[PDB]
Novice: 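Let me give you the structure first, and then I'll get to my questions.
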Amino acid sequence: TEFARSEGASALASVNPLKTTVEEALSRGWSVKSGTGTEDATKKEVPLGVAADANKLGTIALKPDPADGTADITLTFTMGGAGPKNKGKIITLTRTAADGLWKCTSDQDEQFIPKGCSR
């Protein structure tokens, strides 16, 4: 009776908004850094603004950290808090630096991969 479908939707919903945060920083020539805090005008780094553990289904991570837009960026949701079907699975949002485009890939069982995401 585990909520495997809604778990995937909830995980994606915790990282999808961060794409906007990333694009806004890069549009100013600022970097993004993980975690919460204030914009650092010394290093020109914008925090993502979300705690790593905001969603108790798992953890949010940024690579590279910090990220300046000159290399591929990933936002991951690692589902360590999920039920048995999704525990240990990871949803990855990748921004390719060569084109500025985003894709969503997941290593979940294909039954549970959210809309817009591929293997």
Side-chain angles (χ1 to χ4, degrees), residues 1-42 44-84 86-119:
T1 65
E2 65 200 282
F3 298 135
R5 184 157 307 289
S6 52
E7 285 177 339
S10 175
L12 177 58
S14 288
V15 285
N16 204 57
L18 301 174
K19 299 182 300 187
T20 310
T21 308
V22 169
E23 294 298 342
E24 189 284 332
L26 296 184
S27 78
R28 273 196 271 174
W30 288 45
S31 299
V32 285
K33 61 173 174 174
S34 65
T36 69
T38 51
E39 291 196 2
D40 179 343
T42 300
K44 288 187 167 60
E45 296 177 352
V46 181
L48 286 175
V50 66
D53 68 333
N55 182 336
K56 303 306 180 186
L57 288 174
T59 56
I60 298 162
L62 171 69
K63 293 174 65 64
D65 182 15
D68 66 7
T70 70
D72 292 349
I73 293 167
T74 57
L75 298 163
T76 56
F77 196 96
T78 298
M79 299 172 82
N86 287 314
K87 184 167 174 46
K89 306 300 193 203
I90 301 169
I91 295 169
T92 301
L93 309 189
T94 302
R95 186 192 188 272
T96 32
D99 56 19
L101 302 185
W102 291 87
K103 66 172 189 184
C104 177
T105 60
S106 172
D107 63 15
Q108 292 167 280
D109 296 346
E110 58 180 37
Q111 176 169 204
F112 299 115
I113 291 175
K115 179 187 169 182
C117 305
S118 71
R119 291 279 300 177

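Numbers here are sequence positions counted from 1. Values reported hereafter were calculated over all heavy atoms of this structure, with side chains retained and with hydrogens, waters and symmetry mates removed.
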Novice: Apply side-chain contact (heavy atoms from CB on, under 4.5 Å) to the pair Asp109 and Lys89, showing each step before the final yes or no.
Specialist: CA-CA 9 Å; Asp109 296 346; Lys89 306 300 193 203; 4.1 Å; yes
Novice: Let me check something: do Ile113 and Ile90 share a hydrophobic cluster, defined by ILVMFWY side-chain heavy atoms less than 4.5 Å apart, either directly or through other members?
Specialist: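 Different clusters.
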Novice: Tell me, do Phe112 and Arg5 make a side-chain contact under 4.5 Å, heavy atoms counted?
Specialist: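 Contact flag for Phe112/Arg5 side chains = yes.
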Novice: Less than 4.0 Å between a side-chain N and a carboxylate O, is that true for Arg28 and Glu39?
Specialist: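 Between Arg28 and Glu39 there is a salt bridge, with a charged N closer than 4.0 Å to a carboxylate O.
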Novice: Going by the rule side chain to side chain donor-acceptor pair (under 3.5 Å), which residues pair with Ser34 if we only count those two or more places apart in sequence or in a different chain?
Specialist: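 Here the qualifying residues are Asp65.
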Novice: Which pairs pass salt bridge (charged side-chain N to carboxylate O under 4.0 Å, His left out) with one or both residues in residues 10-23, sequence neighbours excluded?
Specialist: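 Passing the test, one end in residues 10-23: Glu23-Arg95.
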Novice: Sequence neighbours excluded, which residues qualify as side chain to side chain contact (heavy atoms under 4.5 Å, CB included) partners of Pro64?
Specialist: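 For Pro64, the residues satisfying side chain to side chain contact (heavy atoms under 4.5 Å, CB included) (neighbours in sequence not counted) are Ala67, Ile73.
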Novice: According to side chain to side chain donor-acceptor pair (under 3.5 Å), who are the partners of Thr92, at least two apart in sequence or on a separate chain?
Specialist: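 Partners of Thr92 by the side chain to side chain donor-acceptor pair (under 3.5 Å) criterion come out as none, since no residue qualifies.
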Novice: Quick one: do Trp102 and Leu75 satisfy side-chain contact (heavy atoms from CB on, under 4.5 Å)? Show the steps, please.
Specialist: CA-CA 10 Å; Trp102 291 87; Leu75 298 163; 3.7 Å; yes
Novice: Apply side chain to side chain donor-acceptor pair (under 3.5 Å) to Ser106 and list each qualifying residue two or more places apart in sequence or on a separate chain.
Specialist: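 With neighbours one apart ignored, the set is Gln108.
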Novice: Taking side chain to side chain donor-acceptor pair (under 3.5 Å) as the definition, give me every residue that meets it alongside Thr20, ordered by chain and number, with sequence neighbours left out.
Specialist: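 Expected list: none.
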Novice: Given 3.5 Å as the limit, does a donor-acceptor pair link the side chain of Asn55 with the main chain of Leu57, or not?
Specialist: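 It does hold such a pair.
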